[PDB]
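Colleague: My questions all concern the structure below.
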Amino acid sequence: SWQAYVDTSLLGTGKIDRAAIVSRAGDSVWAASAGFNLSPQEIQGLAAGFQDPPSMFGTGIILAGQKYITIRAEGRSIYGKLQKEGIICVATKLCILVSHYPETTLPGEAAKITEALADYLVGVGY
Ligand code: NA
Ligand code: NA
Ligand code: NA
């Protein structure tokens, strides 16, 4: 299940405290961890971000009612920071992985893990 990816593969690392998997077109949430609610406006904006990544620097990244400073924005990867916390968003063929990381994990760790789950999903065809 997509929930199994959120629970086991992302949250189960101990380095990502909140996660979601959303359609790549930004029309729905396929799976999300408890209390991490991404509005239709937020996922549509993020999806639009992958189609015009330089624009994400001006707007920042708004997810679950919180704005993050845009640190990386490219075709498949959009990263944000909020002090020592942040989010990693990676587009696969069919989905977008969203990973929030807390104070105690390095951005590099969180990026590495969700980039990896992304390539895996691309390899499988999703
Ligand atoms: Na900003
Ligand atoms: Na990258
Ligand atoms: Na990396």
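Starting from 1 in every chain, residues are counted up; chains themselves are A, B, ... following the order of the structure tokens, and ligands are numbered from 1 as listed.
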Kindly provide, as an MDAnalysis selection string, all nucleotide and amino acid residues lying within 7 Å of ligand 1, counting only C-alpha atoms and all ligand atoms.
Modeller: chainID A and resid 57:60 67:70
Colleague: Taking only C-alpha atoms and all ligand atoms and a cut-off of 10 Å, can you tell me which residues surround ligand 2, written as a list in words?
Modeller: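 Sorted by chain and then by number, the residues are residues 72, 73, 74, 75, 76, 77, 78, 79, 90, 111, 112 and 115 of chain A.
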Colleague: According to DSSP computed on the backbone, where in range 20-77 of chain A is there strand (DSSP E or B)? Give the residues as a VMD selection string.
Modeller: chain A and resid 20 to 23 29 to 32 61 to 63 66 to 73 77
Colleague: Write the residues of the preceding selection, restricted to N, CA and C atoms, as a PDB file, in the first residue's frame.
Modeller:
```pdb
ATOM      1  N   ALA A  20       3.945  12.277   3.642  1.00  0.00           N
ATOM      2  CA  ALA A  20       2.808  12.037   2.773  1.00  0.00           C
ATOM      3  C   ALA A  20       3.274  11.595   1.393  1.00  0.00           C
ATOM      4  N   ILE A  21       2.393  10.880   0.700  1.00  0.00           N
ATOM      5  CA  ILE A  21       2.558  10.586  -0.717  1.00  0.00           C
ATOM      6  C   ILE A  21       1.331  11.128  -1.443  1.00  0.00           C
ATOM      7  N   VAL A  22       1.579  11.998  -2.414  1.00  0.00           N
ATOM      8  CA  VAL A  22       0.510  12.649  -3.147  1.00  0.00           C
ATOM      9  C   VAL A  22       0.662  12.401  -4.646  1.00  0.00           C
ATOM     10  N   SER A  23      -0.460  12.420  -5.363  1.00  0.00           N
ATOM     11  CA  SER A  23      -0.437  12.315  -6.814  1.00  0.00           C
ATOM     12  C   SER A  23       0.494  13.369  -7.399  1.00  0.00           C
ATOM     13  N   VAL A  29      -4.278  13.192  -2.151  1.00  0.00           N
ATOM     14  CA  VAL A  29      -3.354  12.570  -1.216  1.00  0.00           C
ATOM     15  C   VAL A  29      -3.627  11.067  -1.213  1.00  0.00           C
ATOM     16  N   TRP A  30      -2.619  10.286  -1.592  1.00  0.00           N
ATOM     17  CA  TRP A  30      -2.739   8.830  -1.655  1.00  0.00           C
ATOM     18  C   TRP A  30      -2.509   8.179  -0.297  1.00  0.00           C
ATOM     19  N   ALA A  31      -1.668   8.807   0.523  1.00  0.00           N
ATOM     20  CA  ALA A  31      -1.364   8.334   1.876  1.00  0.00           C
ATOM     21  C   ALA A  31      -0.688   9.453   2.657  1.00  0.00           C
ATOM     22  N   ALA A  32      -0.937   9.499   3.964  1.00  0.00           N
ATOM     23  CA  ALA A  32      -0.331  10.499   4.842  1.00  0.00           C
ATOM     24  C   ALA A  32      -0.284  10.020   6.284  1.00  0.00           C
ATOM     25  N   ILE A  61       7.673  27.192   0.064  1.00  0.00           N
ATOM     26  CA  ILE A  61       6.898  25.949   0.029  1.00  0.00           C
ATOM     27  C   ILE A  61       5.871  25.947   1.165  1.00  0.00           C
ATOM     28  N   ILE A  62       4.583  25.922   0.829  1.00  0.00           N
ATOM     29  CA  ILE A  62       3.544  25.866   1.871  1.00  0.00           C
ATOM     30  C   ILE A  62       2.933  24.476   1.980  1.00  0.00           C
ATOM     31  N   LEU A  63       3.188  23.816   3.108  1.00  0.00           N
ATOM     32  CA  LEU A  63       2.642  22.483   3.365  1.00  0.00           C
ATOM     33  C   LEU A  63       2.118  22.385   4.787  1.00  0.00           C
ATOM     34  N   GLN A  66       2.201  25.557   6.915  1.00  0.00           N
ATOM     35  CA  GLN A  66       3.495  26.138   7.304  1.00  0.00           C
ATOM     36  C   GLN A  66       4.356  26.447   6.082  1.00  0.00           C
ATOM     37  N   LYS A  67       4.967  27.629   6.065  1.00  0.00           N
ATOM     38  CA  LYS A  67       5.873  28.001   4.978  1.00  0.00           C
ATOM     39  C   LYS A  67       7.313  27.624   5.301  1.00  0.00           C
ATOM     40  N   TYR A  68       8.000  27.064   4.309  1.00  0.00           N
ATOM     41  CA  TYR A  68       9.416  26.722   4.423  1.00  0.00           C
ATOM     42  C   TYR A  68      10.214  27.556   3.420  1.00  0.00           C
ATOM     43  N   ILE A  69      11.433  27.941   3.793  1.00  0.00           N
ATOM     44  CA  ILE A  69      12.357  28.594   2.866  1.00  0.00           C
ATOM     45  C   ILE A  69      12.792  27.593   1.800  1.00  0.00           C
ATOM     46  N   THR A  70      12.608  27.934   0.527  1.00  0.00           N
ATOM     47  CA  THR A  70      13.046  27.042  -0.550  1.00  0.00           C
ATOM     48  C   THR A  70      14.578  27.034  -0.654  1.00  0.00           C
ATOM     49  N   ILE A  71      15.145  25.831  -0.578  1.00  0.00           N
ATOM     50  CA  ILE A  71      16.594  25.614  -0.597  1.00  0.00           C
ATOM     51  C   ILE A  71      17.046  24.934  -1.888  1.00  0.00           C
ATOM     52  N   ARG A  72      16.194  24.060  -2.415  1.00  0.00           N
ATOM     53  CA  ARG A  72      16.428  23.424  -3.705  1.00  0.00           C
ATOM     54  C   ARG A  72      15.102  23.308  -4.429  1.00  0.00           C
ATOM     55  N   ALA A  73      15.120  23.645  -5.719  1.00  0.00           N
ATOM     56  CA  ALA A  73      13.968  23.483  -6.590  1.00  0.00           C
ATOM     57  C   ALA A  73      14.435  23.124  -7.998  1.00  0.00           C
ATOM     58  N   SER A  77      13.122  17.499  -7.700  1.00  0.00           N
ATOM     59  CA  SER A  77      13.445  17.727  -6.289  1.00  0.00           C
ATOM     60  C   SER A  77      13.185  19.161  -5.833  1.00  0.00           C
TER      61      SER A  77
END
```
Colleague: Point out the residue among A:119, A:27, A:17, A:42 with the least atom-to-atom distance to ligand 3, counting only C-alpha atoms and all ligand atoms.
Modeller: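 Ranked by minimum distance to ligand 3, first place goes to A:119.
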Colleague: Measuring atom to atom with only C-alpha atoms, identify which of A:113, A:11, A:89, A:124 is nearest to residue 33 in chain A.
Modeller: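 Using only C-alpha atoms, residue 33 in chain A sits closest to A:11.
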Colleague: Go through A:88, A:100, A:41, A:122 one by one, measure the shortest atom-to-atom distance of each to ligand 3 using only C-alpha atoms and all ligand atoms, and give the residue with the smallest value.
Modeller: A:88
Colleague: Tell me, in Å to one decimal, how far CA of residue 35 in chain A is from CA of residue 53 in chain A.
Modeller: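 These atoms are spaced 27.4 Å apart.
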Colleague: Could you name the residues that touch residue 107 in chain A at 8 Å or less, counting only C-alpha atoms, but leaving out those on the same chain fewer than 5 positions away, as a tab-separated table (two decimals) with C-alpha atoms, in the first residue's frame?
Modeller:
```tsv
chain	number	residue	atom	x	y	z
A	85	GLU	CA	13.54	21.31	10.52
A	86	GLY	CA	12.48	20.99	6.89
A	101	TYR	CA	12.30	16.00	9.21
```
Colleague: I need the residues of range 50-79 of chain A that end up classed as helix (DSSP H, G or I) by DSSP on the backbone, written out as number ranges by chain.
Modeller: A: 50-51, 55-59
Colleague: Report, in Å to a single decimal, how far apart CA of residue 96 in chain A and CA of residue 6 in chain A are.
Modeller: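 Interatomic distance, CA of residue 6 in chain A to CA of residue 96 in chain A: 11.8 Å.
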Colleague: What lies within 12 Å of residue 8 in chain A using only C-alpha atoms, ignoring chain neighbours under 6 positions off, as an MDAnalysis selection string?
Modeller: chainID A and resid 1:2 14:19 33 117
Colleague: Write the residues you've just listed into a file as a PDB file, in the first residue's frame, and include N, CA and C atoms for each of them.
Modeller:
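Listing of out-v9.pdb after writing:
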```pdb
ATOM      1  N   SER A   1       0.855  -1.217   0.000  1.00  0.00           N
ATOM      2  CA  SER A   1       0.000   0.000   0.000  1.00  0.00           C
ATOM      3  C   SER A   1       0.874   1.244   0.000  1.00  0.00           C
ATOM      4  N   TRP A   2       0.292   2.377  -0.375  1.00  0.00           N
ATOM      5  CA  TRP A   2       0.993   3.647  -0.267  1.00  0.00           C
ATOM      6  C   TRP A   2       1.225   4.042   1.194  1.00  0.00           C
ATOM      7  N   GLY A  14      13.218   6.462  11.385  1.00  0.00           N
ATOM      8  CA  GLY A  14      13.545   7.214  12.596  1.00  0.00           C
ATOM      9  C   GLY A  14      14.071   8.618  12.331  1.00  0.00           C
ATOM     10  N   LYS A  15      14.119   9.013  11.058  1.00  0.00           N
ATOM     11  CA  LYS A  15      14.736  10.285  10.667  1.00  0.00           C
ATOM     12  C   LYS A  15      13.732  11.252  10.045  1.00  0.00           C
ATOM     13  N   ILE A  16      12.553  10.728   9.736  1.00  0.00           N
ATOM     14  CA  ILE A  16      11.491  11.504   9.117  1.00  0.00           C
ATOM     15  C   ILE A  16      10.268  11.338  10.011  1.00  0.00           C
ATOM     16  N   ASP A  17       9.793  12.444  10.580  1.00  0.00           N
ATOM     17  CA  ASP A  17       8.773  12.373  11.622  1.00  0.00           C
ATOM     18  C   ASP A  17       7.357  12.520  11.083  1.00  0.00           C
ATOM     19  N   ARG A  18       7.230  13.044   9.867  1.00  0.00           N
ATOM     20  CA  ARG A  18       5.935  13.190   9.201  1.00  0.00           C
ATOM     21  C   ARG A  18       6.127  12.984   7.713  1.00  0.00           C
ATOM     22  N   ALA A  19       5.182  12.300   7.074  1.00  0.00           N
ATOM     23  CA  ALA A  19       5.275  12.087   5.634  1.00  0.00           C
ATOM     24  C   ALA A  19       3.931  11.990   4.941  1.00  0.00           C
ATOM     25  N   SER A  33       0.757  10.426   7.003  1.00  0.00           N
ATOM     26  CA  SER A  33       0.887  10.105   8.424  1.00  0.00           C
ATOM     27  C   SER A  33      -0.115  10.930   9.217  1.00  0.00           C
ATOM     28  N   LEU A 117      14.070   6.281  -1.929  1.00  0.00           N
ATOM     29  CA  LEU A 117      12.730   5.713  -2.083  1.00  0.00           C
ATOM     30  C   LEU A 117      12.098   6.161  -3.403  1.00  0.00           C
TER      31      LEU A 117
END
```
Colleague: Given the choices A:9, A:114, A:105, A:44, which gets closest to ligand 3 if the distance is worked out from only C-alpha atoms and all ligand atoms?
Modeller: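 The shortest atom-to-atom distance to ligand 3 comes from A:114.
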Colleague: Rounded to one decimal, what separation in Å do you get between CA of residue 120 in chain A and CA of residue 10 in chain A?
Modeller: 12.9 Å
